[PDB]
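Only one chain comes next, encoded as structure tokens, the form deposited in one PDB entry.
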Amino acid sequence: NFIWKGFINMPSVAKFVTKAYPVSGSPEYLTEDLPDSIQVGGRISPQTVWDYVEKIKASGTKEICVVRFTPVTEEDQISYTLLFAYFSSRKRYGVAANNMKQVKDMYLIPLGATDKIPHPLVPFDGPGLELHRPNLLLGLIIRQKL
């Protein structure tokens, strides 16, 4: 019941195969809307994302969904961890640079195992996350509405 399997690729940092699972919002059509390899093009301050997400919700023109990434093999898990640490240590989110037509924005969020969920994502409208969990990379996906 993963909705997409593909690479995350941050040049000079980490590249790995991952499966995405739904967390919040409708994951419908994500299999067609995500590229084979999500290219991480840069980094962004979390407050900038949350200010933007507030405007997105106010505008009523987009759908927000949240997925969680899991490494596929033990080798993937080493690089997944490097990427988590990259953004966690710098208190940044990642920015996808090769979005497909239906996705306006995609951010990669490190969520520490003992972290509180960022408030603009609560409440989760979907399976959510387990209380007892590893360090995780989430994807925050802004999609166009019909």
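The term rigid core refers to the maximal set of C-alpha atoms that superpose within 1.5 Å between the two forms. In this text, residue numbers run from 1 along the sequence as written.
From this point on, the text means the form deposited in another entry, which you will not see here.
After superposing the rigid core, the C-alpha of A96 moves by less than 2 Å between this form and the one not shown. With the core held fixed between this form and the one not shown, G60 has its Cα displaced by at least 2 Å. Positional change of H119 between this form and the one not shown stays under 2 Å at the C-alpha, relative to the superposed core. Between this form and the other one, the CA-CA gap for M106 and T61 widens by 3 Å or more, being larger in the other form. The pair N98 and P27 is at least 3 angstroms farther apart at the CA level in the other form than in the present model.
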